[PDB]
Amino acid sequence: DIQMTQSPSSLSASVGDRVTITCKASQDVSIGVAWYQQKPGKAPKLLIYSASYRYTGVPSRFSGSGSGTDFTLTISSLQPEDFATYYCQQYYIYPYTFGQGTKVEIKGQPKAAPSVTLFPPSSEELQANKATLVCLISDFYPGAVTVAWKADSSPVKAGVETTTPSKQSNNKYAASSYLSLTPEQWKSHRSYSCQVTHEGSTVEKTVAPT
Amino acid sequence: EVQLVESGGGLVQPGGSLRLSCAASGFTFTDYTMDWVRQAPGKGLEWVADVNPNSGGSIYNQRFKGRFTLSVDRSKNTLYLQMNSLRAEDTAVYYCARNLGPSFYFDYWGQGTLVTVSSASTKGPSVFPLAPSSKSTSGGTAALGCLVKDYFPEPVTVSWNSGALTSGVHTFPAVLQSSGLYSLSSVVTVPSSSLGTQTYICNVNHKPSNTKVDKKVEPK
């Protein structure tokens, strides 16, 4: 079929950088090419049509150029909100093929240590003969953490579920970890600990029964 | 304002059928061409089908011909996508979109609705209160919340006090457990563990199972 092949596949870039994304069509498509921006869990937004025409309300820092088989999207001055996945698309010829997207992710912003919030099982959960420890991690950058749990002083492996980090609306990151216990396990230790490591430093929270 | 509002998402068994709706407003329905576009979890975008609202004449991407049908209702400015014989690879966020004439770029999109095709059954969440505690946080403010436990599929929405409380609320993305069910949490930053005359109720809407839970959160 008709191929739209974006390059690179992902980019790390800093606020104020000029960024150039390429899109190669498998055959001459004239200027029948559009660019879209998409943020996690949101609909794509039309940026560029006819290869070089800014859509209404699109900021002037976004530009398209090219024709034939070679197309380009340029972001001249990367702002914090420009971080998202960019799609090219040829739109004249069935089935109106999208490129596979270029992920522009942020780099070089201020490092921040995670805030950690730890809750013990609720009295309602325990009465349903279940127990869940809840460890909520927010406001960290870069977006990587590891989480370990301890019963008293001993590492606990079983029953840990941890999310992948994801961007908050403030361009810092959030993540969650859950420890599943039986009520007897919960009651039989003096305390449990969530320990969150980020850039070699740890923030730990402890909680105790009753 | 042009708005495309889709509904009809949720879980369907393999071989099952599912019908999506796209209510269009803010523009002349018959002036434009209406589209479906889909996005598999973590994958690219794929145009699915289009229909001219005037004639009901539809064109389909080749993987969906005979399987999917589009229809419109002009009198209530609404577009449908009837999906049949669904399979696992059909699991995706489905968008409706709008285009003009022969050039199929999309200026307006719906919000997207997740269709999950799976052997498993829907399950409403068990919602538990997370009692206010000063010692719960690392940063010297107090916090309370709701644990939204063991539901399937995504999505769940959370608000507090029916949308009246927005300040200091943080709702975390779901984890998928090994059991195959999701859990998420929503936290509210508060002054202390004594709530006084403040009320805190978390409203958890799980459309896929037709379940809402409104959980009261109080001191231990």
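The rules behind the values
- Residues numbered from 1 in each chain as written, not as in the entry; some residues may be left out.
- Chains lettered and ligands numbered in written order.
- Heavy atoms only, no water.
- Residues with missing side-chain atoms left out of burial classes, pairs and counts.
- Helix = DSSP H or I, 4+ residues; strand = E, 2+ residues; numbered from the N terminus.
- Buried < 20%, exposed > 50% of the residue type's maximum accessible area, 1.4 Å probe, protein only.
- Contact = heavy atoms within 4.5 Å.
- Areas by Shrake-Rupley, 256 points an atom, 1.4 Å probe, with all protein chains shown as cover.
- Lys, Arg positive; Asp, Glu negative; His and termini not counted.
- Charge placed at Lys NZ, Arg CZ, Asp CG, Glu CD.
- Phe/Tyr/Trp six-rings, centres within 6.5 Å; stacked < 30°, edge-to-face > 60°.
- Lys NZ or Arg CZ within 6 Å of the ring centre and 35° of its normal.
- Core = buried A, V, L, I, M, F, W, Y, C linked by side-chain atoms within 4.5 Å.
- Domains from an automatic or database assignment.
- Buried area = accessible area lost by both parts, 1.4 Å probe.
- Salt bridge = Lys/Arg side-chain N within 4 Å of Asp/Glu carboxyl O.
- Polar contact = N/O pair within 3.5 Å; in protein donor to acceptor, adjacent residues only side chain to side chain.
- Nonpolar A, V, L, I, M, F, W, Y, C, P; charged D, E, K, R; others polar.

Its PDB record attributes the structure to X-ray crystallography, giving the resolution as 2.16 Å.

Secondary structure assignment for chain B yields zero helices and 19 strands. Overall, the C-alpha framework of chain B stretches about 65 × 40 × 30 Å when taken along its three principal axes. Buried residues in chain B amount to 50% of all 220 residues. Long-range contacts, defined here as pairs at least 24 residues apart, represent 58% of the contacts in chain B between residues at least 6 apart. Total accessible area computed for chain B in this model is approximately 9700 Å², and 48% of it derives from carbon and sulfur atoms. The averaged location of the 14 negative side-chain charges in chain B is 8 Å from the averaged location of its 18 positive side-chain charges.

Now for the packing of aromatic side chains. Evaluation of the coordinates by the stated rule reveals 22 aromatic pairs over all chains. Residues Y141(A) and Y173(A) carry aromatic rings whose centres are separated by 6.3 Å and whose planes lie at 40° to one another, so their mutual orientation is tilted. Residue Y141(A) is found in the loop between β12 (131-140) and β13 (146-151), and its partner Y173(A) is found in strand β17 (residues 173-181); the two are separated by 32 residues along the sequence. Judged by its relative accessible area of 14%, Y173(A) falls in the buried class. Pairing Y151(B) with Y182(B) gives two aromatic rings, centres 5.7 Å apart and planes at 25°, and the pair type is stacked. With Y151(B) in strand β13 (residues 142-151) and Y182(B) in strand β17 (residues 182-190), this pair connects stretches of sequence that are 31 residues apart. We note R98(B) situated over the ring of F27(B); from NZ or CZ to the ring centre the distance is 4.7 Å. One cation-aromatic arrangement involves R98(B) over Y32(B); the distance from NZ or CZ to the ring centre is 3.7 Å.

Next up on the list: the side chain of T85(A). All names here are of chain A. When you line up the elements, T85 lands in strand β9 (residues 84-90). The buried category is assigned to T85, whose relative accessible area is 17%. In contact with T85, other than residues within four places in its own chain, are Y36, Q37, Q38, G101, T102 and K103.

Now for the nonpolar core. Formed by 44 residues in total, the largest nonpolar core has its most connected members in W35(A), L47(A), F71(A), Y86(A), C135(A) and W149(A). In terms of residues, this core owes the most to one element, β12(A), which gives five residues. Ranked by size, the runner-up nonpolar core spans 28 residues in total, among them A49(B), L70(B), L81(B) and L86(B).

The extent of an interface is frequently quoted as the accessible surface area lost upon association of the parts. All names here are of chain B. For chain B, the domain assignment lists domain 1 (1-119) and domain 2 (120-219). If you average the C-alpha positions of domain 1 and of domain 2, the two centres end up 32 Å apart. Listed as interface residues are six residues of domain 1 and, on the opposing side, six residues of domain 2. Taking both partners together, domain 1 and domain 2 bury about 460 Å²; carbon and sulfur atoms supply 67% of that area.

As a further point, take the interface of chain B and chain A. Each partner contributes to the interface: chain B provides 49 residues, whereas chain A provides 46 residues. Of the roughly 3600 Å² buried at the junction of chain B and chain A (both faces included), carbon and sulfur atoms supply 62%. If you look at where chain B meets chain A, you find one salt bridge. Two residues, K215(B) and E124(A), come together in a salt bridge whose shortest N-O distance is 2.9 Å. The interface formed by chain B and chain A includes 19 residue pairs in polar contact. Elements with a contribution of two residues or more to the side of chain B that touches chain A: β4 (33-39), β5 (45-51), β6 (58-60), β10 (103-109), β12 (126-133), β13, β16 (175-176) and β17 of chain B. Element by element, the count of residues in the side of chain B that touches chain A is highest for β10(B), at seven residues. Broken down by class, the residue content of the side of chain B that touches chain A amounts to 27 nonpolar, 15 polar and seven charged.

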